[PDB]
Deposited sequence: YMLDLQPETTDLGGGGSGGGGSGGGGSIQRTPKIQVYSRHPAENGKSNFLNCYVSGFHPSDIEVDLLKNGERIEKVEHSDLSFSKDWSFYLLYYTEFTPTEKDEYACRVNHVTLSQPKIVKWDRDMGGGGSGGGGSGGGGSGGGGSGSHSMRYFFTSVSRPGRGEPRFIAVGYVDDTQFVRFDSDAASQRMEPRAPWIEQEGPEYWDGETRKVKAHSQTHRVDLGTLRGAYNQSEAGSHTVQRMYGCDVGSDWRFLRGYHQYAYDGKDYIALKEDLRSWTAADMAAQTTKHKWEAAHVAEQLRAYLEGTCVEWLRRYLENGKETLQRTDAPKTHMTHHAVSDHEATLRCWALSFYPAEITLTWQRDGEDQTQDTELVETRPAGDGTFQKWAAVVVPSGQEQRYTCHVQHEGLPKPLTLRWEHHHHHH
């Protein structure tokens, strides 16, 4: 359930290289159907070309998640496809981006709590190519449940979770109306911010918008947000008290006074403190089997010899929800590789930690797995 303000109310008065990961959804098995994933994250701007390679050639039917971004405004995407790995086949991921002088290739190395509802909005101008690209996604914790893409054929707000498909036509007609108003706002703000910064009408620019609310384990309101960004940099944001603003440069100060005089913060406060939490409670109840579950990490260990003297130990954690997890090696915050948590594509998450140990001293190292779905923290050793 999105914000429902009039269009004129919220009217307005840095390049990062993607990190890449290639992996499978489940442990790879001969003749067993699986999913090959390529998780790009931390990049800006949003334009990116991702291919999945099989034996030195492109895979035809490749799908990807809907564009979203993190707290630092950097984007992340998950490219995936169904595949059955055999003995000879080799897989990789090729990524092209404005920060890369040539496409980068990464091979597939085969060997009670708080809740939140988020909405992310991205608009990228396309001078001469047509109207700006508008993408909107909605999240309940780490689960996407709605989407909108201006280039899609439906021109509707589409379900992306089973528990939201229950809603009737009155719901989807309303969300479709509200998401189109969000697009019209960004469309106007793109032309406004262009002249506000004295930029040419031939370049591409990006507007990002985030808002939502947090609730505790008692489902009572904790915090709300409403942030705005231009070209990956902070523009204007609502403070934690939900009555004042935080503006960055001079042009954002002008919007701060136009929004203060029009009392925009009070309309946002009513949604974040009331409407946002009300429908978050409805989503948590309707999708209780999905959103209130706690999937425990399925753990195991791998041993790989590096130089016949130093040996690498890797602690794995798979198929766990939610994404919050801690992995530590005890003999050690040095010489320990910890990879970023990544989506598996089926709602679960993955992570591993590595430790380079001398050969013969394998049984002197322990890995600790802290997860909220685990009653007692696990300790793993070779």
property: Stretches with no C-alpha atoms in the model, relative to the deposited sequence starting at 1; result: 14 to 27, 126 to 145, 366 to 369, 421 to 427
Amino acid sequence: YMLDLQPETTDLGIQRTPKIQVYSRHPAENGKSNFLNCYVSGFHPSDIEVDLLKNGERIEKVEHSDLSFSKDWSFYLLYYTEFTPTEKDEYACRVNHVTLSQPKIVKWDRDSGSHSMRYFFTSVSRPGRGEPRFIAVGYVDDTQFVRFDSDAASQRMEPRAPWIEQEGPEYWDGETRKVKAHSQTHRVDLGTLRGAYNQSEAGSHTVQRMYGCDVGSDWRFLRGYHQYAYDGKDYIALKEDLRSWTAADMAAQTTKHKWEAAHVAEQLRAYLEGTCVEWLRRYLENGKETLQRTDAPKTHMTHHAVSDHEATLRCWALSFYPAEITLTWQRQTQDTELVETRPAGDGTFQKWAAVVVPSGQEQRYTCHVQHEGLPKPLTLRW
From here on, numbers count along this sequence of modelled residues.
property: Mean Cα B-factor comparison, 353 to 361 or 39 to 47, giving the higher one as deposited; result: 353 to 361
property: 298 to 306 versus 113 to 121 - greater average Cα B-factor per the deposited record; result: 298 to 306
property: Member of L67, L52, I325, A344 with the greatest C-alpha B factor (per the PDB record); result: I325
property: Which of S24, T17, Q21, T10 ranks first by CA B-factor in the deposited coordinates; result: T10
property: Within-chain third of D241 by Cα B-factor, per the entry; result: middle
property: Chain third (lowest, middle, highest) by recorded CA B-factor, residue given as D335; result: highest
property: Among modelled residues of the same chain, the CA temperature factor third for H226; result: lowest
property: Third of chain Cα B-factors occupied by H182; result: lowest
property: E60 - Cα temperature factor, lowest/middle/highest third of chain; result: middle
